[PDB]
Every structure is written in structure tokens, then in C-alpha cells.
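# A look at the structure
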Amino acid sequence: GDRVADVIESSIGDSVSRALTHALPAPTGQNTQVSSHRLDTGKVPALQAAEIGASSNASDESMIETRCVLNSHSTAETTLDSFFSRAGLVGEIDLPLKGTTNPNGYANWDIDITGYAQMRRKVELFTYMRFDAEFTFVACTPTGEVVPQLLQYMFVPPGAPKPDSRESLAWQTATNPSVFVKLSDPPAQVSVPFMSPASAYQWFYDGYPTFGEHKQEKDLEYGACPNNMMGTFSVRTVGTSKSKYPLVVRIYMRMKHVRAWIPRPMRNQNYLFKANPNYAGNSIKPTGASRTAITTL
Amino acid sequence: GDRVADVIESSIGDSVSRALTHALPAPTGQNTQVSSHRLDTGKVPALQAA
Amino acid sequence: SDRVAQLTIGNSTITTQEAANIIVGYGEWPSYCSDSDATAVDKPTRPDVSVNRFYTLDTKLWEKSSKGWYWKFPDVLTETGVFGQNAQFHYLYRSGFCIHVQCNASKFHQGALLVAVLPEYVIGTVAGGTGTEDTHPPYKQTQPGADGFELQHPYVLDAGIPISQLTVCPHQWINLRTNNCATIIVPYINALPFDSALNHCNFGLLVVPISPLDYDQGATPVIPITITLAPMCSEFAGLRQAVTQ
Amino acid sequence: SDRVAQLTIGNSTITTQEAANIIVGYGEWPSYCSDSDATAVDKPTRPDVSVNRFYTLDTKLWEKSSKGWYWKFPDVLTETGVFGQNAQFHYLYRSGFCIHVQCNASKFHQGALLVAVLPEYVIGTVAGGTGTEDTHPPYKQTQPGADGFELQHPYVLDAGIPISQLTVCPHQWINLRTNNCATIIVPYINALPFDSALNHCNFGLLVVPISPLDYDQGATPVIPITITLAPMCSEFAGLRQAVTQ
Amino acid sequence: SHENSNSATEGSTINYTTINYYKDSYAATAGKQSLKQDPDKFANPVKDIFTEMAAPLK
Amino acid sequence: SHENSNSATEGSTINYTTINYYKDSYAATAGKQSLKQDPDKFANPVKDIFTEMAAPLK
Ligand SMILES: CCO/N=C/c1ccc(OCC[C@@H](C)CCN2CCN(c3ccncc3)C2=O)cc1
Ligand SMILES: [Cl-]
Ligand SMILES: [Cl-]
């Protein structure tokens, strides 16, 4: 039991996150109301105090005489799903014949979509994101040609054996999900759930993944968070002999059922690496176009 | 007829000259009322803003 | 009646006679983790008053040429008071914060500081200048401790992002002709119910002069900026021996 | 709450944080001419928003030796904006006005301007100095246009009348230690329901320093006085070709 | 359709309307969602809110 | 079918009958429309209409 007053009247423990604001429906843009000339002392909408940290609450109606306008412009196209549920390139896998990279008939792709600017800049607008996704795999030769080749794609989650060759025992794929398809067939396409161990993936992790002294050698792990590492995507020509043709697989991702939290300033310097926000120091450019003077267009 | 909102709610045309003051009768000079010492903070008749 | 305020929590009280309201980050107050969101099974410890109080950690000098600084939470308190001890003895930690940046001058000084909070504030390097070197920021820079760290390139917040858009984050301004402090309440922000106070900095505090300090020869030239902050609804779990990193 | 104000009319808005209330000339608001007072039979045109708005016409510099100036209504707007056009195309015109004289300084400057409105402000000449010459003021002086005209002998308002009694007219003062603007609403004043905006100036605006401007070497010496005004309830009738005078 | 509730948006304030042919909910289309929005969360997160006609600092 | 009302003819006097399989209405077939027509709009837009048996100019 609890008998001492400070304990009874304590707030220690309420899990109810009291919120100052709530969402209202807004299918269309706000209408404009008729307004007239106001010559008052005391009331002053135009004057603000930006130091407070809130945006101006001054409206059209109070700054000029307005007419009535019934605004039925839709706000549907700016929802997260409308913005993100458009498939874009996030990975390329090369399977050349007599080359340097993969002359063995197979390839392992670390599942990381940060190798392409377009898609990357979009998702990096938010800090945390939770979503399902539709992946489409387009394959063809380097000339965009289609040939009668059978391929096998396999998802190798963290902990599963990564194939070390075109003939690796791992391709038995008894538990991992695999897809067999011909280049002649249409692009393979599957749905992928939200697989993180966290409640959301995060494009930014200001921290280290483990304890201990964080000496120079291990500074490569700064910002690396396992909750964002979903695994490996392996592909191979299905055979015991080298394929007769060189191949390329372009991976497209289309997010769906999206939720995001914490907006961030949008990237304004060229991207350099997948794992970090490093930018070219001798080449810091302004965010946009510049002009000769502040008094001339 | 008038259908557009700004026209309905318009003031264009009122001939009524709204006045801030009106005349009261005053046949004689104003009387003087008894008054006592006031030592208040807040109330300040003597101070003006010409 | 909005320019005057008092913040009392624990055995500490702050006063200001030139405030500009209070910001409550993302519109919500700090709160303890519910039994639904929680996942770890051990009963947490909630020290309350011994740790949820105002700690005044550091003072910087504002100069006509200052670039701006940043501090990281909870990195700043990990070695201070009873809060620090709990952060070290426990694996798991979570709390909110009440931040109060102070900076007063005179009615003849001018200048404006942008005080903001940026969740998951990852730092980048200039990549060897040419962008061909894959360098990484050292521990001393990602977790600067109480001393904070000075920004190298404010325009891009040392992370390839425009400071012009930093206002999309909870923030206030300290415009010397208007107020002498900023106050921001921040709730726990993370994709997990609890986390390590040591390996993960939930957010960063940025204090950057957007409008340079100025005054005439003869006015006090030493204008300090002091950082005071208080954890809120601190919870700790996963007890063991003390660990500093 | 009386020192702060906002005037919005048309597509124009004025703000002030150091006002001293608002004067409504002779205690009554501008209003359109009633069907009883009217005499001309043609249906008038009432442009509304395109002409009843704030026009900022002129700026003068206040100096330790300035004498004071005057402007005439509606002469000041006859060649400006849509209002001017209507004044030119129509024989008949009538309207009220909202006048807002602006002049700010610093808490270290001093001085007081008397801002008044004088109906039927007829100008006189010094009659050859001896009073034996029956001279008359030239068009440029009776209707100075937007540039206004400087008073020759303020004490007698260039018309043989004491400025000491000018306060018997709608007015306000701009006392630098108190306010930085004067606002006066004026209704149509005339012995006829409508009249020519060209041949007749219903009233004059006078801005005269009664207490001379002063300050110490080193304070901004350029102290402007800007005149902004807005017609109210403008009505025009008797359309024909445009005429400038 | 009686399937598995494994969509990323299961238990979300915004009501979705989708199509699906598999036992797993995340395989469904993106569909249409509710058009609610809360600007104040980011544009006006002040403790004591001020009115449009008042002087923000008093 | 509960979809988006983004067809070019949404809010049109002529009643359409169409088929569709997507959430967006404009993806629908052309269908059949109402057979109303108003010739007079172009062939007889006179202010004061005259009868067939009368002398048009009187
Ligand atoms: C039969 C084989 O078919 N399987 C296809 C497949 C496709 C995608 C799969 O997982 C995709 C997971 C991605 C949506 C995760 C992308 N993310 C999550 C956050 N993140 C990231 C990257 C770099 N820094 C921080 C976060 C990412 O790159 C798994 C299998
Ligand atoms: Cl200590
Ligand atoms: Cl013009």
C-alpha cells in the first residue's frame, strides 16, 4: 500500500502522452471568406513574433479585402502513399561473362536502397519510416536485349548462408524465399512486409551499434544500425556451366502502406556514399540559383 | 438579383451617417459634487495624453 | 504574462523576465513508457526528483564571428549527477527533456540565435575536400560531451543539409531585442521504447547565430550563452555494473 | 491595446505599434449620399476596393528648422491610381478619407508635430508686404498636388489666422516620446451633396512642428514624415471624357 | 476477406480501403487513405496558444 | 465500386454508365451517355422567339 502523501499525489508512471494538437479532416483546400475594411486599434493580425517558434497565423481575410471562394482543390495527391508509392530504381546487379566483378555466374546484393539519389532524397525527408513494399525485377542483357535464360533470385536474411558460387548448396532454398523466372517472362514482382526488429526503419542513426572504445579503426560503424539491415539478395543463372549471355538486373521498389515521423531538412549537397551524409568540402554549393544583386532580378 | 457573397454582405450604399456623439440638454452650468481625499494607486485622473 | 516565466522541477527553479512562450516539441509532453509499448520485462527504476532537475552544463561566448555549436542528448549528462550514475549502471534508458538556453545583452546590442532540436543528428565529414576520401567523424565529434562542438560549415549543418530548413524542427529564436532565452520541452523520440544512453544520442541541440552579434565600442563585449537542461520522466532498466561507454 | 493598431482597407494594410488612438472628425463616419440629400439624377458609380485603399503619396524631411507643410484634398489624389481616373472622368465626386501621417525616431530624439485637418483651407498672400498690393496665390500654391507646399508664416497659417487655435479642428499630435503616427478619419464636408474633385478642395491637411526636432550629434539625423491616405465611400457621377483641370 | 493482419499500417488512425487476393494483408494494394492532417503539430507547437488578432508577445 | 471521383466528366449533366477495375475513375471505359440535345442553343438563340406560322419580321 501507499500512505505517504507525496506518493499518493505522484504522477510517476502515467503512460498517457498528453497531446497539444489533433488532426482534422481536410479533403480540400480551405475556402476564402468575404472580408471588409477593418480600421481597429487593439486588434493586429499582421504583427507576429517569430521568436516564439510558431508560423504566422495571419490569413488572407485579415490582410486584404477578400471575396468568397469555394475551394474544392483536392489534397489527396500529397498523402504519404501518393508521394512514395511510385516505383523507382534502388539497385543494379551485373552478371557479366569475362569481367572482373562477377565472372562466376552469381551475385550478392546487400539490401540497401541508398545508392540512388532520386529515391534516397525522397525517403530522407523523414527520420523514421514504416512500410511494406513491392519489388520488381527487370532483367536483360546490357543492350536491353531479351534472351532465353532462366534465373533464380533468393532472399538471404541475416544469419542464412550466402551463396559462394553458382553451384552453392544454399540454392536448395528449402526455407528462404526464392523466385525462378525467365528473361523472356515479364518482370518478376513480389510483396515484402515490414521486417525490422524495430517499430520503424530509420534513415539516420546518430550513434554506434555496440559498446566499447570507439577508436579510429571502428569509426566506420558510426551511424550503422542493424535494425536497417534486412539481409542479402542473391541472383544466379540456373546451371552448372557458365551462361552464354551477360546480364543486368535492375531492382525497383514501390513502397505502400506508409507511415513516417519527424521531418528533416532536405539534402542540398551531392551524395557521395551510401552509409553516410559525407559531402564534398571544397565544393559546398548554395541550395539554389544566385544573382548579382539583392535589388535586381 | 444578387447571388455572389461579397455583394450580399456589402456595405456599399448605406446613407446612415453613424455618429459617435449626441447632444444633451444643458440649460445651466454643471453643478459641483462633494468630493474627498482619494489616495489610490491605479486611478489617475490628472494624467492625460494630449 | 507570456514574457515572464518560472520553471520549477526537482530542487531547481529558473526565472526569466523576457521569454517568448514555450515550445512543446511535436506537440506532445514527455510520458513514461506504457505497458503496451514496453518489451523488456524487468521493473524499471524511476528516481524522479534526484534526476529530473535542471543541470546547468556549459557556457560559450558569442562573438561577432561565432559559427554556432551543437550538443548531444543524452550524451551531455552521461557523466553528471545522479542522472549520469543511473545512465551508467543501466543498459536501458528513456526520458524527455526541458531545455533552456540563456543569453541576455542590452537594449543596444543586436543579433539572433536559432535554437533547435534535431532528432538523430548524424554528423558527416568533408570527405577529404574532394569527396574521394570516405572519412568518418571521430568519437570526440559525434559525442562531444558537455563541452559541445563548434560547427565547421553551418550552412549545411556539417551533414549536407540546409540550415535554412532547420525550422521544420522544434525551435525558438533568441533575438536580443526581444527575448533572452529559449525553452523547448522534448518528449522521448526513438523507434524503440527504451535504448542505450551511451551508444545512442536521440537528438542534438543546435544554437546557431543567423543574424551576427553586434554592438558599439564600449558596450560589454562578453556575451555568454548558457545551456541548462532537465530530464523529464526518466526511466531506467537492465541493471548491472557501471559502464562509461 | 490602444498604442497598437492595424488599418486594413482595399488590398492595403497599415500597422503601428506606437499609436495614440484614432480621431473621427466631428464625431462621424464617412457615409454614402442619401436619396434625400442627393440632387443629381444619374446613377453613381462606386468603384469600392479599386479606389478606397491606402495611397502613400509623399515624404518630407523634418529638420531642426522646418516650418511645416500642407496638402489639399482631394487635390493630392487627382492624378493617382484608379481613384484619379474616376476623379477625371466624372464631373461629380464625394468621399471621406482616412489619413495616416507617419514619423518615427528614437527614444533619444524629441519634438512634436501638430497634424490637423482644416476644411475649406483658403490661402492668402502677404499682400506686397505693406498690404497695399491685392496679390493672390498662384494655382501651384492653392493646389500644390502630391508634393504639398511649405508654409511661409506658420504662426498665421498663411491665411491670417492663429495656428494656436488650429486644435479646434480634428487633429492629433506626433510627440516623438509617445507615438510615431497620427490617424484621422474624415467624413465628406461641404454644403453640397457632391462637387468637383478638380475645382474644389474640401479640406487641407496641415503637419506643423510646434516643438522643434532635436537630438545629439551622432543620432540618425534624417527623420522622414510620410503621408498615407485612403478615400472612403467614394462616389462619382456625371460621366464624360477625362479632364485634368 | 478473412486474412492475416500483417500490414505495416495495421492499427493506424487513417482508414485504408484496399484490394487483396492473398492470406497476407501486406500483399494488398496501397489503396486510398483518410485525408486528415494536423499542421499545428509542426507549425504551432506552443504551450500557450495566441490568437491571430492579439499581440503574440504581451 | 468506391473509388476516386477524378473523371473528366465528374459533375456532368449527362449520366454515364461505365466499367472500371482501378481506384481512379478516369481509368474507366467510355460507356454510354445520356441522349439529350439542345439545338436551339446554336440554331435559334433569338431573344424574342417567333412561331413557325408567323411572319418573322413584324
Ligand atoms: C524471392 C526473393 O524475393 N525477395 C525480394 C526482396 C526484396 C526486398 C527485400 O527487403 C527489402 C527491404 C528494404 C525495403 C529495406 C530498405 N531500407 C530500410 C532502411 N534502410 C536503410 C539503409 C541505409 N541506412 C539506413 C537505413 C534501407 O535501405 C527482401 C526480399
Ligand atoms: Cl556529478
Ligand atoms: Cl497611377
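Here, the structure is the one placed above.
What comes next is a walk through the structure. (Residues numbered from 1 in each chain as written, not as in the entry; some residues may be left out. Chains lettered and ligands numbered in written order. Part of a larger assembly, values for the part shown. Heavy atoms only, no water.)

Moving on, we get to the overall build of chain A. The secondary structure content of chain A amounts to four helices and 11 strands. In terms of overall dimensions, chain A is more spread out than a globule: its C-alpha atoms have a radius of gyration of 27 Å, far above the 19 Å expected for 297 residues. Considering only contacts in chain A between residues 6 or more positions apart, those separated by 24 or more positions represent 78%. Of the side chains in chain A, 28 bear a positive and 27 a negative charge, and the two mean positions are spaced by 8 Å. (Helix = DSSP H or I, 4+ residues; strand = E, 2+ residues; numbered from the N terminus. Rg over C-alpha atoms; globule rule 2.2 N^0.38 Å. Contact = heavy atoms within 4.5 Å. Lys, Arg positive; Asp, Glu negative; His and termini not counted. Charge placed at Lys NZ, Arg CZ, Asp CG, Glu CD.)

As enumerated under the stated definition, the model contains 17 salt bridges over all chains in all. Between A:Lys215 and A:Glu217 there is a salt bridge, with its nearest N and O atoms 3.9 Å apart. Its relative accessible area of 29% is what places A:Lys215 among the partly exposed residues. Of the residues examined, A:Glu217 reaches a relative accessible area of 54% and is grouped as exposed. Ionic pairing is found between B:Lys43 and B:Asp40, a salt bridge with its closest N-O pair at 3.9 Å. Connected through salt bridges with shared partners, the residues C:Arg46, C:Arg94 and C:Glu235 form a single ionic network. (Salt bridge = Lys/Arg side-chain N within 4 Å of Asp/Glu carboxyl O. Buried < 20%, exposed > 50% of the residue type's maximum accessible area, 1.4 Å probe, protein only.)

Residue and element names in this part refer to chain D. Buried residues dominate strand β5 (residues 69–73), accounting for five of its five residues. Of the two faces of β5, the one carrying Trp69, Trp71 and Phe73 and the one carrying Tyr70 and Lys72 are both buried. Judged from the two bridges that link them, β5 and strand β8 (residues 149–150) form a sheet pairing that is antiparallel. Within β8, the residue paired with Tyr70 across the bridge is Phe149. By the bridge criterion, five bridges tie β5 to strand β11 (residues 203–214) in an arrangement that is antiparallel. (Pairing = 2+ DSSP bridges.)

Residues and elements named next belong to chain A. Surveying the vicinity of ligand 1 reveals 19 residues, the closest of which are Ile113, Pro177, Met195, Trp203 and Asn228. Protein coverage of the free-state accessible area of ligand 1, which is 700 Å², stands at 92%. Among the secondary structure elements, those contributing two or more residues to the shell around ligand 1 are β5 (126–140), β6 (150–156), β7 (178–182) and β9 (201–202). Tallied by class, residues from the shell around ligand 1 come to 14 nonpolar, four polar and one charged. (Near = heavy atom within 4 Å. Areas by Shrake-Rupley, 256 points an atom, 1.4 Å probe, with all protein chains shown as cover. Nonpolar A, V, L, I, M, F, W, Y, C, P; charged D, E, K, R; others polar.)

A separate point is the interface of chain A and chain C. Taken together, the contacts link 58 residues of chain A with 68 residues of chain C. For the pairing of chain A and chain C, the buried interface totals around 5100 Å² over both sides, and the portion due to carbon and sulfur atoms is 58%. For the interface between chain A and chain C, the tally reads one salt bridge. Of the charged contacts in the structure, one is a salt bridge between A:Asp206 and C:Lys72, with a shortest N-O distance of 2.8 Å. (Buried area = accessible area lost by both parts, 1.4 Å probe.)

This next bit is on the arrangement of the chains. Taken together, the eight pairs of chains in contact show their highest number of contacts between chains A and C. Note that chain D does not reach chain E: the shortest distance linking a C-alpha of one to a C-alpha of the other is 9 Å. Where chain A comes nearest to chain F, the C-alpha atoms are still 10 Å apart, and the two do not contact one another.

Now for empty space enclosed by the protein. For the structure shown, the criterion picks out six cavities of 30 Å³ or more. Forming the walls of the largest cavity are A:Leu95, A:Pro96, A:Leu97, A:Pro103, A:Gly105, A:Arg166, A:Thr237, A:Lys242, A:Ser243 and A:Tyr245. Of the residues assigned to the lining of the largest cavity, the class counts are five nonpolar, three polar and two charged. Reported here for the second largest cavity is a volume of approximately 50 Å³. Lining the second largest cavity we find A:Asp219, A:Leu220, A:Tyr222, A:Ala275, A:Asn276, C:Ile123, C:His136 and C:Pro137. (1 Å grid on protein atoms, 1.4 Å probe; cavity = no way out; pocket = protein on both sides within 12 Å on 5 of 7 lines; lining within 4 Å. Points joined across faces, edges and corners; volume = space filled by probe spheres on them.)

All right, on to the nonpolar core then. Counting 106 residues, the largest nonpolar core has A:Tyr153, C:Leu205 and C:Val207 as its most contacted members. Broken down by element, the residue count for this core peaks at eight residues, all from β5(A). When sequence neighbours within four positions are dropped, the list of residues in contact with C:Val207 reads C:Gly68, C:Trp69, C:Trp71, C:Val101, C:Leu113, C:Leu114, C:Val115, C:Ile225 and C:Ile227. (Core = buried A, V, L, I, M, F, W, Y, C linked by side-chain atoms within 4.5 Å.)

Before going further, it helps to examine the environment of D:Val126. Residue and element names in this part refer to chain D. Relative to the assigned elements, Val126 resides in the loop between β7 (110–119) and α2 (139–142). You can call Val126 partly exposed: its relative accessible area is 48%. Counting along the chain gives 118 residues from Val126 to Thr8, while the straight-line C-alpha distance between them is 42 Å. In this structure, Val126 is in contact with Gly131 and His153, ignoring residues within four places of it in sequence.

We now examine the side chain of D:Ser12. Residue placement: D:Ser12 occurs in strand β2 (residues 12–16). The buried category is assigned to D:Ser12, whose relative accessible area is 9%. In terms of polar contacts, D:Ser12 uses its side chain to reach the backbone amide nitrogen of D:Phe54, at 3.0 Å. Not counting residues within four places of it along the chain, the set of residues in contact with D:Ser12 comprises A:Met63, D:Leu7, D:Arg53 and D:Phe54. (Polar contact = N/O pair within 3.5 Å; in protein donor to acceptor, adjacent residues only side chain to side chain.)

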